[PDB]
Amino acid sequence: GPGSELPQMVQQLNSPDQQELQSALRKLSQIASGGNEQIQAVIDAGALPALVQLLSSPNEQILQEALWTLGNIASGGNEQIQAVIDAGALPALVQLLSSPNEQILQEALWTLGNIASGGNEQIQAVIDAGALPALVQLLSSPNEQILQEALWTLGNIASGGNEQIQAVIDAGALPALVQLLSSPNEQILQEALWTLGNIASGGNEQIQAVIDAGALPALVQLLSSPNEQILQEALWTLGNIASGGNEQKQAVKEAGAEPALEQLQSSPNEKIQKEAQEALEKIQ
């Protein structure tokens, strides 16, 4: 676009009129969706403060589009995620989790999910800003797109270190996640299994928490899914749980995993057939 495109957009973020504001937001989103180097160009131009400022907008539309812009920036490398955090976006994003506006909620979850796709300490900034209780509550949303986006944010957080895992457990996520294992929405099963498997990649007592929330029978049932991608996430999760100690192993046996796993030997998908064998030996 023109060589002077970026400074002009950044200056329009301080425009009195909504029409000019929205054009700058659409354009900055478009630039920031073209890879890390273009995101950094946007950051170096000074966009973050006016974007954060706009999270306090009275206007539904701008807030939504500002969130989307910020979301795109946070999809960059760790350095770029940290710049979003350093610009003070978190306290406002966390407040926006109590919003009853669905598009706003969806774009705030997206941004926080991206931030949580970072290093362990940007995961921890999200936790320290108080995001978890609200996030967990949204696993109960009737609106499956809010729900999908909350699960993806929790999953990213659960993919951190063991204290990240622990914080997810202490925020009360296990019962709502185990519940979502009954979901016939495949993207929700996929995200909930992935989140459970991340939590199950922790210590033994973290695995035991997953066991005690009653995950195993639904997990074993999902070994019969005709959807290969759900089959794949369930195996991976069950795989992580079987990687614990003796009583974690013992619980998976008790849950009937064995003929589900044997029955997966006859599978066409060699990745599936191998992993299946691996969890089979991997108990006892």
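Quick note: we count residues from 1 along the sequence shown, nothing fancier.
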Using only the Cα atoms and their B-factors as the entry lists them, report which of 97-105 and 194-202 averages higher.
97-105
When the Cα temperature factors in the entry are averaged, is it 247-255 or 36-44 that ends up higher?
247-255
Whose CA atom has the top B-factor in the entry, of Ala242, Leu216, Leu51, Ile31?
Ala242
Sorting the chain's modelled residues by C-alpha B-factor and splitting them into thirds places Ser159 in the lowest
Please say which third, lowest, middle or highest, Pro142 falls into when its CA temperature factor is compared across its chain.
highest
Looking at the C-alpha B-factor of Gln229, is it in the lowest, middle or highest third of its chain?
middle
Grab the CA temperature factor for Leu63 from the record and place it in the lowest, middle or highest third of its chain.
highest
In terms of the chain's CA B-factor thirds, is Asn78 lowest, middle or highest?
middle
